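See below for the structure under consideration.
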2 protein chains.
Amino acid sequence: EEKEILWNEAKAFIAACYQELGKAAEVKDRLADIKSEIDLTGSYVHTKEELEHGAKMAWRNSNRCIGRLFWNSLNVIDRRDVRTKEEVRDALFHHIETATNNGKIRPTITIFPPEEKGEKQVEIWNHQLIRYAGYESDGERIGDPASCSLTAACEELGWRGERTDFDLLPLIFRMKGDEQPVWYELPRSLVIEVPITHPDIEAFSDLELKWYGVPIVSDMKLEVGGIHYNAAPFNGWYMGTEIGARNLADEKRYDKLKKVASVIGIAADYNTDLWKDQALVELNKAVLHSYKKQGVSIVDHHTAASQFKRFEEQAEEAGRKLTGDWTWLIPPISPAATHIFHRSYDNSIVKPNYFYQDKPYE
Amino acid sequence: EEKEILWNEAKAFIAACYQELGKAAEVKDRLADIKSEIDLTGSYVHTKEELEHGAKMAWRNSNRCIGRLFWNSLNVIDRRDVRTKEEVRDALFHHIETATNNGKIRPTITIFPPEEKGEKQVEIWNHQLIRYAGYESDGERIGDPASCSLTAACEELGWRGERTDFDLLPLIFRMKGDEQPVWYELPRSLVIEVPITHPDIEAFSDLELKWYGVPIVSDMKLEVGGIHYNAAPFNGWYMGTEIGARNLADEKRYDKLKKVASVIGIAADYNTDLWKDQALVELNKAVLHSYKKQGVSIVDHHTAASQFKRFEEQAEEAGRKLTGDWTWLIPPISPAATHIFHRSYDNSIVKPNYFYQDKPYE
Ligand code: HEM
Ligand code: HEM
Ligand SMILES: CN(C)Cc1ccc(OCc2ccc3ccc(N)nc3c2)cc1
Ligand SMILES: CN(C)Cc1ccc(OCc2ccc3ccc(N)nc3c2)cc1
Ligand SMILES: CN(C)Cc1ccc(OCc2ccc3ccc(N)nc3c2)cc1
Ligand SMILES: CN(C)Cc1ccc(OCc2ccc3ccc(N)nc3c2)cc1
Ligand SMILES: [Cl-]
Ligand SMILES: [Cl-]
C-alpha cells in the first residue's frame, strides 16, 4: 500500500525530472532499478542530481510564492549524511552563513535525511532558523506574538530570553531516539540584523525598529517523488512588504502603525485621513531603504511582481502549466498596481512541492 | 420545464421571504395562489412587499459587496408600470435625483418590468446611469477607456461627444419592439460632480481631476424567486478606493499615478521609492477630502470594513449563513489592515441576487 503510492509518485517524478534534464533515455533503466529498490527496501534513494532538481521543481510549484523566477538557481546543500545533533546544528549554522553571504543572499536549501518509516530522523521546531522570541503574561506583551508558543516551549527546556522585543530564539530540533529536543543559542556573528531608518525622516530611528536579514523557513516538508524530507530549511531574500506590511504592522504582530504615524508627524485620529495607509507606505519605504543601505538583499513588491510576470512568460514558453494562489501572490500593499491582481491563477497542487506539517510543540 | 424552475425558485423565495417578514402562516395560501398563476399564465407577479424585500435579500447575498450592512434600508422604487420610453427615461432621471438627494445619497433601486418570455421589456445599455465617455483612435486616448465600446455605439446612433476627458454619456436603452435603442442627453443639473482637491497640497488642483457623485450600476439582472428583472439600476455611495485606487489609477483607466507623483513633489523613477504606493495614498486621501468637503456621501475602506464586520456579526446572530468573495471584498489599498484580509469566506451563490448579463452592444 505505502509501497504503491511511493512507486507512482516515483514514476511521475523521474519521468518529468529526466525529461527536463535532457536524459529521457536514462529513465527506462533508472525507473527499473528504482522499482527493484522499492520491492527490496520499502524505499529508494535520490541521486544528488535528482534531489537537487527535485528541490528546484518544488519551489517552481509553490503556488503562493511570488519569487519563483529564480527557481533554477536554488543552491541545494545535500546533508543526508548527518547522524548526530552536533552535525545537524553545524549544518544549520552553515546554512545561515552561506545563505547570508555577507548580505548578498543566496537562495539556499539544506536537505536532511528524509522520513524513513514515516519516522523522522530529524525534526526542526523552529518556524525559521532566525526568529524573535515573544512573551505574553499579565498585560505585558514583549517581542513577536507569533513566537509565543515556541518561546514558552524553549523556556521549558532550560532556555531563558532576556525579554527584549528582539530576543533571538535558539535553534531547537529533535533527533530520532531522543524523547526531547535540544536547543543551541545562536552566535550573533552569524546573524545579520538591519536597523530600520527612513531616507527623509530622521525621527524614524526613535522607534528603534530592526529585523533579521534572512528568512529561513524551517518547518515545511519537501516532497520529491514519494520521498518526504520533513527537515529541509530553505531561504530566499525578503520582499519588503513581508517586514513592513505584516511582521511590523499586523496588530497581532509588532503592531507599529500608530507609533509610525506619530514619528512621521501625522494624526492617527480619523479613518478618512488614511493614516494607516500612509504609515504603511513610509514604513515600507523605510524597510527597503535600510536593507539597501546596509548591503542586504531585498526586493520591493513591484520589482517582485515584474519578475513573476517573467516567470509566467517563461512557464508558458517552456510548455508548462502555471499554478498559483492569487490570495497569496498579491502583495499586501497596492496589489491593484501589480498585474497579479488583474488576472487569475489555477491553484492546483503539483508535486514536487513544499507542504505544511504538524508542529511538535503546542 | 421553464414552468418548473420558476415554481421551485418561487417556493424557496416565498418561504424565506415570508419567514423573515413574520408572515409564516400566510405562505401556505400565497404559495397555492402562485402555483395556480404559474399553471394559468406561465409566470406570476410579485406583491410590492415581496419585491421590496426580494431586492433587499438580493443585496444581502451579493458576495462581492463590502457595503452589505445597510441591506435592509434599501429604497425600492416599483416602476413595473412603465410601458413607454419617455416613462423609462423619466424614471431613470428620477432615480438619479432621489438617490443623489443633494449629496446625502440614498441607496436606491428602480425596478422595471421583468423579462416575460425571457423577452426583455426594457434593456439598458449603460453600465452606470452616470459615466464618462472614452475615445481611442490614432494614438489619441480621451476619457475613460472602459467606456470605449459604448461611446462608439452611441456615436453610431447620432450622439457626439465633445471629447473632453469627462463627457457624460447619454442614457441609452431599448424598448421591446424597437430594433434600435434611443438615447437621451443627461441634464447637468441632475448630475453632481466632485472636483478632486488635496487637503494639504494646493498644487493637486492642477491635475483638474473630477468624478461623478453617484455610481448607479444599471447593467445587472436582479433575480427574485424565479423572476428576472434584467432592468433594475441600483446605487449606493462610493467607497473612496473605487475612485482613487481604480478608476483614476488603473493603467487601462485614467492612469494618473505618474501625474499625481509629480504634483505631490516626489520622483517617479525607482520602484524602491514606492512612489506608486505613495501616490495612491495621497490620491485616495484627496478623493475622500473632496467628497466630504462638497457634502457628497462617501466611505473610506477602513470604516467600510468595520461596517462589514458588523454585517458578519449581524448575520451569524440572525442564524444566517454568511457568503462572500474574498478577492472582491478586500480593498485595493492596505487590505491587510482590514479584518477581511485575515479571514476566509464561502463564495456560494444564494438567491435572490444580482447577476451579470450579456451586453447588447459589442
Ligand atoms: C528568492 C527570493 C524569494 C522571495 C522574494 C519570495 C517571496 C515569497 C513571499 C512574499 C511569499 C509569501 C509569504 C507570506 O505572505 O507569508 C512566499 C511564499 C512562499 N515561498 Fe517564496 N520567495 C523567495 C524564495 C523562495 C524559495 C527559495 C523557496 C523554496 C525553495 C520558496 C518557497 C515559498 C513557499 C513554499 C511559500 C509558501 C509558504 C506558505 O504556504 O506558507 N520561496 N515567497
Ligand atoms: C451603500 C453603499 C455601498 C457601498 C459602499 C458598496 C461597496 C461595494 C464595492 C466597493 C464593491 C466592489 C466594486 C468593484 O470593485 O468593482 C461592491 C460590489 C457590489 N455591490 Fe455594493 N456597495 C454599496 C451598496 C450596494 C447596493 C445598494 C447594492 C445593490 C442593491 C450593491 C450591490 C453590489 C454588487 C452586486 C456588487 C458586485 C458587482 C460585481 O460583481 O461586479 N451594493 N459594493
Ligand atoms: C508556521 N506555519 C504553519 C505557517 C507558515 C509556514 C511557512 C510560511 O512560509 C512563508 C514563506 C516561505 C518561504 C519564503 C521564502 C522567501 C521569502 N521572502 N519569504 C518566504 C515566506 C508561512 C507560514
Ligand atoms: C484569466 N482571466 C482571463 C480571467 C479572469 C481574470 C481575473 C479575474 O479577477 C481578478 C480580480 C480580482 C479581484 C478584483 C477586485 C475588484 C475588481 N474590480 N476586479 C478584480 C479582479 C477573474 C477572471
Ligand atoms: C460591465 N460588467 C459586466 C462588469 C461589472 C458590472 C457591475 C459591477 O458592479 C460594481 C459595483 C456594483 C454596485 C456598487 C454599489 C455601490 C458602490 N460604491 N459600488 C458598486 C460597484 C462591476 C463590474
Ligand atoms: C476561516 N478561517 C478560520 C480559516 C482561514 C482564514 C483565513 C485564511 O487566509 C486568509 C489569508 C489570505 C491571504 C494571505 C496572504 C498572506 C498571508 N501571510 N496570509 C494570508 C491569509 C485561510 C483560512
Ligand atoms: Cl517573515
Ligand atoms: Cl465606478
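Residue numbers start from 1 in every chain, and the chains themselves are labelled A, B, ... in the order their sequence lines are given, proteins ahead of strands. First listed ligand is number 1; within each ligand, the first listed atom is number 1. All values below come from the heavy atoms of this structure, side chains included, with hydrogens, waters and symmetry mates left out.
- At a heavy-atom distance under 4.0 Å, only backbone atoms of B:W237 (N, CA, C or O) approach ligand 5.
- Numbered from 1 in the order shown, with element, the atoms of ligand 5 that lie under 4.0 Å from a heavy atom of B:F234 read 13 (C).
- Counting heavy atoms from C-beta on, the side chains of A:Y361 and A:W125 come closer than 4.5 Å.
- Taking every non-hydrogen atom of B:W326 and a distance limit under 4.0 Å, the qualifying atoms of ligand 6 come out as 12 (C), 13 (C).
- Counting only heavy atoms, the protein gets under 4.0 Å from atom 17 (C) of ligand 6.
- Residue A:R246 has at least one heavy-atom neighbour below 4.0 Å for each of these atoms of ligand 6: 16 (C), 17 (C), 18 (N), 19 (N).
- Near B:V217, meaning under 4.0 Å from any of its heavy atoms, are these atoms of ligand 5: 7 (C), 9 (O), 11 (C), 12 (C), 13 (C).
- Which parts of ligand 6 touch B:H342 is read off a 4.0 Å heavy-atom cut-off, strictly below it: atoms 7 (C).
- The side chain of B:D219, and not its backbone, has at least one atom closer than 4.0 Å to an atom of ligand 5 (non-hydrogen atoms only; side chain from C-beta on).
- Those atoms of ligand 6 that come under 4.0 Å of a heavy atom in B:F341, given as number and element, are 10 (C), 11 (C), 12 (C), 14 (C), 15 (C), 20 (C).
- Taking every non-hydrogen atom of B:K359 and a distance limit under 4.0 Å, the qualifying atoms of ligand 5 come out as 1 (C).
- Nearest residue to atom 15 (C) of ligand 6 from B:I330, A:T241, A:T327 is A:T327 (criterion: closest heavy atom).
- Side-chain rings of A:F341 and A:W326 approach one another, their centers coming within less than 6.0 Å.
- Summarising the contacts of atom 19 (N) of ligand 5 with B:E242, B:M239, B:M220, the nearest heavy atom is found in B:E242.
- The one candidate from B:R253, B:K252, B:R246 that meets the salt bridge (charged side-chain N to carboxylate O under 4.0 Å, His left out) condition with B:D144 is B:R253.
- Crowding of B:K210 atom NZ: a count of heavy atoms from other residues, nucleotides or ligands under 6.0 Å exceeding 12.
- Protein non-hydrogen atoms do not reach within 4.0 Å of atom 9 (O) of ligand 6.
- Side-chain contact of A:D277 with B:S334: a donor-acceptor pair under 3.5 Å is present, judged by distance alone.
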